[PDB]
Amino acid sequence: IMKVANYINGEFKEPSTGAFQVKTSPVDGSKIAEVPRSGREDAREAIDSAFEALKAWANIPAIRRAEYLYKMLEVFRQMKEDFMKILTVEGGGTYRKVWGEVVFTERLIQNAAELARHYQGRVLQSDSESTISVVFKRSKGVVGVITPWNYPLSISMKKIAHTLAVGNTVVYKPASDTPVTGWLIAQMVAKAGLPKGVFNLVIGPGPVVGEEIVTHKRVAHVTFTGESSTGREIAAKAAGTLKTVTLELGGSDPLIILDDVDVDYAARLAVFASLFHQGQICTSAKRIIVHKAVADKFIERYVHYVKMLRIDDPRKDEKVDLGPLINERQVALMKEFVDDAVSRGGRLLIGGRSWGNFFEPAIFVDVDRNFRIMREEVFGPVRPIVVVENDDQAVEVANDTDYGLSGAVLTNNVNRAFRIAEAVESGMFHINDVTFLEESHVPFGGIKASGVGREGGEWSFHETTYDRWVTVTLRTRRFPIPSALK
């Protein structure tokens, strides 16, 4: 009953040119909706609207912004089943995946509302007599939000909800493969009645709409989640107007399994960590590293559970384990990974078939450091298992990557756990749990090629505000020039 459109300055509307594109389902190729193909002028209109809305939005008390976010939370709760539907048909997520994403998104919006009133500055001791010295927190201004296709709702809303809570306005450009999720977000914001211009949605190509956002002089900050190469390009262009950035650029997270574990549980945990959402998760367990003393048993058990994974149309029922990859380019890439591994002498334990956008888990052993699946982020269900002889070796292999997002170790030994945790070069680490653990109010982010900054709760607030030192001097002073005085 409704057309998909941009949302700019309180109004749903077509791109100025009227150009559109057809969004199809990765499940079966069927048509989902025609969507805007916006260009530079649509981006500019959104930026100007965000800019004009900024001062009124930033200057109201935090409690008023919290109120708007609680309204959004209310509307989101009403829209849950619409979001689940779209995440499944447009993004290819299974029922359990999209259910989890929606539950997390509810928690994120609530978290941002909860924290709005409580972001504190500092009162300082002055080294000088008769002076008051404090630090306020101020919003950065208009913030560009540029997001990916894998968890398009939760990733977008973590950025959007927290950025808004602290008095910034937003220009949001969703991934081209997930525009309907972006439009549903705009629907939610509009029904919650946020002031015009405070939130704007522009649907269009990254190299056009996104680049205008990154280079516009009125944008103060860009928060971006996507590929490491896209991020470095954005960071470079952002420097032109000295805007700050937050960048979460993918990972190749190590899951380290020691010899003292419950092997069967380790295998159940490893299967979930490595293959959930078809491995299309930035903090997926992309490189599995097992101690030789349990390697045979682990590999056997891991493959045993992988055999059970059910791959199907995710709309079929609630128990489907894996849906399709997002598009044909992803399938082609996964084929290259498999092909490279096999040609290098790698042992394909299980899997390898694809059809349309579907791609089965493909598990390898007997790999070395020059395999493409050891050297690159594998954003799909192709996974190497590496056998190591001791903990030093576990750490060496774990760190032999350009990335550094998350990581995990399974062991019951407190010494081995903590030593490995300290030595693994990552922004996040988890002992006895999956690599993709995530909470709404924790600092989520990486080091090395995985990007810059942290998002979640107050860490998001840190990214999109600045500290403002203000003093009051209560005494008159004498000055060193002109020395001829008095």
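From 1 onward, residues are counted along the sequence shown.
Query raised in the report: Do the C-alpha atoms of 314 to 322 or of 97 to 105 have the higher average B factor in the entry?
Result: Higher of the two, by average CA B-factor, is 314 to 322.
Query - Residue stretch of maximal mean CA temperature factor, 379 to 387 vs 158 to 166 - result: Mean B over CA atoms: larger for 379 to 387.
Query raised in the report: For the listed residues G141, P152, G144, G346, which one has the largest C-alpha B-factor as given in the deposited model?
Result: Result of the comparison over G141, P152, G144, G346: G346.
Query - C-alpha B-factor winner, where the candidates are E114, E90, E227, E212 - result: Among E114, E90, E227, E212, the PDB entry lists the largest C-alpha B-factor for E227.
Query raised in the report: Is the Cα B-factor recorded for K448 in the lowest, middle or highest third of its chain?
Result: For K448, whose C-alpha B-factor we compare with every modelled residue in the chain, the answer is the middle third.
Query raised in the report: Considering only modelled residues of the same chain, in which third does the CA B-factor of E233 rank: lowest, middle or highest?
Result: Highest third of the chain for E233's C-alpha B-factor.
Query raised in the report: If you rank the chain by CA B-factor, which third does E422 end up in: lowest, middle or highest?
Result: It falls in the top third of the chain.
Query raised in the report: Going by what the PDB entry lists, where does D366 fall on CA B-factor within its chain: lowest, middle or highest third?
Result: Within its chain, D366 is a highest-third residue by C-alpha B-factor, going by the deposited values.
Requested in this report: Classify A408 as lowest, middle or highest third according to the C-alpha B-factor given in the PDB entry, relative to its own chain.
Outcome: As the PDB entry reports it, the C-alpha B-factor of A408 lands in the lowest third of its chain.
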